[PDB]
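Heads up: the structure comes next, in structure tokens.
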Amino acid sequence: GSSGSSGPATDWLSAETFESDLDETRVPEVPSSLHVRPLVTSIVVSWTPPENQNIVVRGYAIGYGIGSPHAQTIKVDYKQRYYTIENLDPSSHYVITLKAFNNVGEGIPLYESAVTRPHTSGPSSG
Numbered sequence: 001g002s003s004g005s006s007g008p009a010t011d012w013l014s015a016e017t018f019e020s021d022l023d024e025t026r027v028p029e030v031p032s033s034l035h036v037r038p039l040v041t042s043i044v045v046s047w048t049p050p051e052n053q054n055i056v057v058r059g060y061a062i063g064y065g066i067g068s069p070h071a072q073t074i075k076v077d078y079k080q081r082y083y084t085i086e087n088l089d090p091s092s093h094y095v096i097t098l099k100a101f102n103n104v105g106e107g108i109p110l111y112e113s114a115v116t117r118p119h120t121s122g123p124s125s126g
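Per the authors' numbering, the sequence shown runs over residues 1 to 126.
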């Protein structure tokens, strides 16, 4: 062998020091609220964090699907404030849900409604 080897690393980041003080002993209950904007062939799902900015929130879950959100689910990072679900089906009521989950566990999901606009090969003049 030749003086073995190693792997140095160093860099700066923008975030707190994972303070243990933060409330991480319980799960993040339902968020402040959840807004959804139905689009022709898309849907801008905009949500908001819980008033309490002390609970450690790893990420949230976005469930969508006609009849029930269980159909499909999308997971993202906390930073993410809203998700634009593209390649969807117009003229259809999509049930979007949102639930806060952390290392402690999952919370209570929300119930919303978003009716995509009628494509009609040209929603103009409507």
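Every residue gets a Cβ at the ideal spot worked out from N, C-alpha and C, and that includes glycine.
Does the beta-carbon of residue i have 16 or more other beta-carbons within 10 angstroms, so that it is buried, or is it exposed?
i, result
"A100", "buried"
"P38", "buried"
"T116", "buried"
Quick check on residue i: does DSSP put it in helix, strand or coil?
i, result
"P90", "coil"
"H119", "coil"
"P38", "strand"
Quick check: what's the CA-CA separation for residue i versus residue j?
i, j, result
"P28", "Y64", "21 Å"
"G122", "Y94", "21 Å"
"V40", "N87", "10 Å"
Could you name the residues of the same chain whose beta carbon sits closer than 6 Å to that of residue i, not counting the 5 residues immediately before and after it, in chain order?
i, result
"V36", "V45, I96, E112, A114"
If you drop the 5 nearest sequence neighbours on each side, which residues of the same chain put their C-beta closer than 8 Å to that of residue i?
i, result
"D77", "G59"
Using DSSP's beta-bridge definition, name the partner residues of residue i.
i, result
"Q72", "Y64"
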